[PDB]
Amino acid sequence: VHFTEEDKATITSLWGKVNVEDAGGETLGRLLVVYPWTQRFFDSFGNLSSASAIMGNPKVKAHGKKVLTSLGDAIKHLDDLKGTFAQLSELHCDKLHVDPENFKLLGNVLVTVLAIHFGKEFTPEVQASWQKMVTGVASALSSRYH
């Protein structure tokens, strides 16, 4: 990864302000609602048939938290995304066979959720730093494929 100095500062700063308990379930729930094929990987989670069903689903909320918690941990070492996600890559690639395009989709949904929460503070420049994070996380998670 080639995060600029500014990118790293922007990502670290904004993350410290994030309501992870809320944005986690928001992010995964929205992914499931907006891109219904992603539900294929979450059979055991129960009723995922609509926005209402998905957004009130306890398992979705709990799992979304874990996803964003993992992102927060990666943010502690932005020069080392590949290492942070190495074991997660083996899980998502070798075991679950998720197409890499979906890592980008989840990241883009997170970006929209950050925009909801931060409003005008989520400037086009701030977004561009987060889009690099999305691409970097996706690449790190895709490492086992190729």
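The first residue of the shown sequence is 1; numbering continues from there.
Annotation for 109-117 versus 92-100: the higher mean temperature factor (C-alpha) is found in 92-100. Looking at mean Cα B-factors across 134-142 and 11-19, the upper value is held by 11-19. In the PDB entry, a CA B factor belonging to the lowest third of its chain's modelled residues is recorded for residue 27. Residue 46 sits in the highest third of its chain by CA B factor, as recorded in the PDB entry. The PDB entry assigns residue 83 a C-alpha temperature factor belonging to the highest third of its chain's modelled residues. In the deposited entry, the Cα temperature factor of residue 64 places it in the lowest third of its chain's modelled residues.
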